[PDB]
Each structure stands twice: as C-alpha cells, then as structure tokens.
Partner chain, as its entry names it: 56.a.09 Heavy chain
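One chain comes next, on its own, written as structure tokens: the form solved without its partner chain.
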C-alpha cells in the first residue's frame, strides 16, 4: 500500500489584514497594532514628577503671583499648564516670553535664593491693588518694586557677583507707567532706564510712558526680562528709574524637565510617556495621540493604524497541504504534518519550524526601532498667537519630522510585513524541502503541497519522517516497486 504524509500551516478563521510591500491588504493569522491611537485621558504622576499649574502659568509661578505662592521653590519633571491658568497680579509682558518659559521649564525648578540686594535712596516692596497678597496691596513675591524714597530716586547701581558654581537666573522687570505724572511720582526722573548687565551680556530697557488697556485696573505694565549669570560672572543693575528689581536668583538646572499645556487631570498611575491628551503606553513603536510628548514616548505618526503581521499568511480551509490551503484545525503549532496511512488519519505539529518562525517574528520590530526615543524638552508645537517667521519655522520643523517619521512607519511596517510573510512562506517551503530530502525516491509531491509515500508507512514511520530520523533505504525497494511498476 501507499501512505500520504504531507505538510501544512495553521490558519485562523478570523484573520487580520496587513499592508506589505507587494500586497495592498493581505490577510494574516495574527497582527499587532503598532500605533498608540488612544490615551487614558489622565497624566500619570509617575515616574516623572508632574507639577500641576492649576490656575498658574509657569511665568506666573516664576514671578511670584499672589495666587501662585504655592509654587515657590517648586521642582518638576513636567510642568502642566492648564488652559484655565490666569494672571491675577500686576499686568506684565515678557519680551521674548517663549524663551523665558522654555528655559524656566528646562531648568525644572523654581528654587529661588534671596540675595542681599542693597537699594539705597529708594522705597522697596512697592505694591499694587492688582496684586493683592492678602487684605491689602501686594506685588510679585520674587520682584522688588523700587520707587523714590521721599522726593528723590537716585541712580541705583548695585552689583551681585556669582561666586557659586551654577548659573543664576535673575528675573527683573521694567515698569511702564501710563502717564508722565505716574512716571515722575514713582520715579522723579521724567524718563527712567534699566541697564542690567554682566561681564559679557547687557540689557538696557527704556520704560515706555504711554497709556494702554486696563488690566486689573491698571494701564501700566511690567516688561519682564531675565539675566543668566554664569559662575564667576557678576550682575550689575544700574537704574535711573522704572526698575522692578530682582529679590534674588533662581537656581538654574539642566535635566529632563519641560513644560506641557494640558487639561488632562493628574491620576495616581505610572506611565513613562505623557501627552497633552494624557499619559499613553509606550509599548508600541508609534503613536497617533499627540505630536507633543514628554518622556519615553512612541514616535508620532500621521497613521491612525499600522498593523504589523505577527503571524503568517491566512489561507482558511483529501488532506491537501499548504500549497492548497491553510489548516484551521491545527493549533499545536504553526507548521505541521497531516498523514493518511493504513492506521488512519493523523496530525502532528512541527515544533522546529514553528519555533524558528516565532523566534524570527518575535523581535522583528524591536530590532529596527531603538528601545524608545526619550524626549524631555522640545520645541513648541501648538501656538496660540500668530508670531510669524520663528513660529513658521517651528511648525515646518515639526511637520517635516512628522512626515518623515510617518513615512518611516509606513515603509517599516510594509517591509516587516513583507519579510514576515516571505519568512513564514520560506519556513513552510523549508519544511517541505526537508521532507522531500528525507523522502528521496520513496515519495512524490502530489502538487497540492502533499507527498505520496509509495510504501506502507505506519505511524512509527510517520514519526520518523516528522522528526527527521527517516531512513529511505529501508523502504526504497518497496517504494520503487510501487512507484515505477
């Protein structure tokens, strides 16, 4: 008699469509989504130290807004700026505001050391009713509003050496009165001047005595400037008037700190990736949640979905083999044998080829993508004002990055799916070729992916063929007799 041993691969009834280099949409047994398209809606407070700016802007906490005194000496890995954040202090503008916000966020600390600045001949601790600290007028806690003492405002000329071994951030301000009457009343000089300089840098501000929109009852402003005094350098403040002096310096730092605009609530949970939408799992290589990211985050891509073939071609369902169709009834392994001999039909999965395919597919993605791009401080990617050239450059850089990484994701997923499908096909063909080699002249490929063994092949001989210990010479005579006679 003649037995019919042959090979096949597992098939699933519910396949999943993936995109390859050669096929637009090919069904495979298994696939995994490589894009994190959803977020939990909350920012995890671990492992990063998240500082929620409930009603406070980062610059508001920096200056010492009366409603931002809880953020004094605060440190963060990510400062979260809520859209409800508002200023309740003296109206102010920060020329080059974005740079100050960026560098204070990167510093990651509001640690403020008060310094013994000596202001002779002027009244310190000038307050306002726009800045109401308690039941009375106040001002920014980190800024000293100096005004004329008596009937004269001398030329303040103070020095502060940076004898420490770290950069000192001095946040000072220039008062812009609404009228010349206010300018003279606060500062006997009809036109003030504030030159804050270091041995290498310099910033001169001429106060602007002009009316402007009422903000919290004031048509005067404070223009906020910052001076970074590196170690060994010295800060000289020379003011003829309109000086909102610094009460000290902020300890600048370098690290993984940044700032995020987000309304996502902070939740007791752990996630190394934070987006304005909330924290997302970084298990997947790519995301479609937000281009704004903090921590170990997946690369942002424009694709909502990128399915990676983690299985083989799905060819759902006479024991014809892989060339005809896949085997739905085989669950022990990926590739296996079905045999029909005198002892009845049987099946047995091939563990060697199954494990080869599984091992090859296991780390396919993780070996072409670095562990995870861990980004902490970045450029601004959403803007509320129309700034122009610099904002356009930031938007263009981010769009270029997004387009290039989205193309990388598309090409990589197509390449990896093509390689997975070709690899599973090659494993099936390799097992078929091994079986053919074992069955040198004792079998014949029926053409449906199925061999026809021309000798009585009991289950023991089937097992011998399956495990590679099949000796063709034993049955060569009988097989040849049944084949060519």
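Residue numbers count along the first chain shown, from 1.
This protein has a second form, the form solved in complex with its partner chain, left out of what is shown; the following refers to that one.
- In summary, the region of this chain contacting its partner chain in the entry with it bound, judged by heavy atoms within 4.5 Å and restricted to 131-139, 113-121, 324-332, 270-278, corresponds to 324-332.
- Its partner chain is not shown here, and in the entry with it bound it never comes within 4.5 Å of any heavy atom of residue 288.
- Under a 4.5 angstroms non-hydrogen atom cutoff, its partner chain in the entry with it bound lacks residue 37 among its neighbouring residues.
- Within this chain, residue 149 is remote from the site of its partner chain in the entry with it bound, having no heavy atom within 4.5 Å.
- Although the partner is absent here, residue 361 sits close enough that one of its heavy atoms falls within 4.5 Å of its partner chain in the entry with it bound.
- This chain lacks the partner; the member of 247, 307, 284, 338 within 4.5 angstroms of its partner chain in the entry with it bound by a non-hydrogen atom is 338.
- Scanning 354, 144, 183, 162 against its partner chain in the entry with it bound with a 4.5 Å heavy atom cut-off leaves one residue, 354.
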